[PDB]
Q: 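This is the structure I have questions about; it appears just below.
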Amino acid sequence: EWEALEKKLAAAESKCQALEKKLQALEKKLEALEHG
Amino acid sequence: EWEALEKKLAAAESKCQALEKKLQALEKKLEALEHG
Amino acid sequence: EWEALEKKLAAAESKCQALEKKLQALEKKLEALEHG
Ligand SMILES: [Zn+2]
Ligand SMILES: [Zn+2]
Ligand SMILES: [Zn+2]
Ligand SMILES: [Zn+2]
């Protein structure tokens with residue numbers, strides 16, 4: 001249905017934003033190793 | 001069209017789930033370096 | 001609205017593709033550490 005598509009998109013947007021944060025945290029740890 | 005939007009969302013959900021797995025695998029390698 | 005859903009999906013697709021690239025760049029740095 002239409003409303004179910006709405007909510008699926010919103011969930012995918014939120015999951016991608018959580019993955020962006022998780023990658024930023026990994027990048028921080030990697031850079032500590034790379035320069036230390 | 002409507003059905004093409006349906007299938008695009010499903011593909012984006014699946015691609016994001018593959019990226020979540022890929023990040024988990026990287027995190028595993030990073031943690032090995034970080035503590036070894 | 002319908003057209004706003006269209007554009008939101010397209011933005012989410014593009015953001016996920018940018019995250020895929022960012023993860024590939026991190027993987028490259030991690031592999032340099034892992035084998036060097
Ligand atoms: Zn660096
Ligand atoms: Zn994503
Ligand atoms: Zn650790
Ligand atoms: Zn390796």
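Computed from heavy atoms alone, side chains included, the values below leave out hydrogens, waters and symmetry copies. Whatever order the structure lists them in is the order used to number ligands and atoms, beginning at 1. Just so it is clear: chains get the letters A, B, ... in the order the sequence lines come, proteins before strands, and each one is counted from 1.
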Q: Looking from the Zn ion (ligand 2), what is the angle between SG on C:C16 and SG on A:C16, to the nearest 10°?
A: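 C:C16 SG and A:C16 SG form an angle of 120° at the Zn ion (ligand 2).
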Q: Kindly compute the distance separating NZ (C:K29) from CD (A:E34), expressed to the nearest 0.5 Å.
A: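 One finds 3.5 Å between NZ of C:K29 and CD of A:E34.
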Q: Give the atom name of whichever N/O/S atom in C:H35 sits closest to the Zn ion (ligand 4).
A: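 Relative to the Zn ion (ligand 4), the closest nitrogen, oxygen or sulfur of C:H35 carries the name NE2.
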Q: Checking A:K22 against B:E27 for the side chain to side chain contact (heavy atoms under 4.5 Å, CB included) test, could you report, in this order, the C-alpha distance in whole Å, the side-chain angles of both residues, the deciding distance, and whether it holds?
A: CA-CA 10 Å; A:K22 206 159 158 25; B:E27 175 174 359; 2.7 Å; yes
Q: C:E34: which N/O/S atom is nearest the Zn ion (ligand 4)?
A: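 The closest N, O or S atom of C:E34 to the Zn ion (ligand 4) is OE1.
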Q: Take atom CD of B:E31 as the centre, draw a 6.0 Å sphere, and report whether it contains more than 12 heavy atoms from other residues, nucleotides or ligands.
A: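 Atom CD in B:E31 is crowded, with more than 12 foreign heavy atoms closer than 6.0 Å.
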Q: Mind listing the closest non-hydrogen atom pair of B:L26 and C:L30 along with its distance?
A: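 Residues B:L26 and C:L30, closest heavy atoms: O-CD1, 3.5 Å.
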Q: Which N/O/S atom belongs to C:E31 and is the closest one to the Zn ion (ligand 4)?
A: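 Closest N, O or S atom of C:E31 to the Zn ion (ligand 4): OE1.
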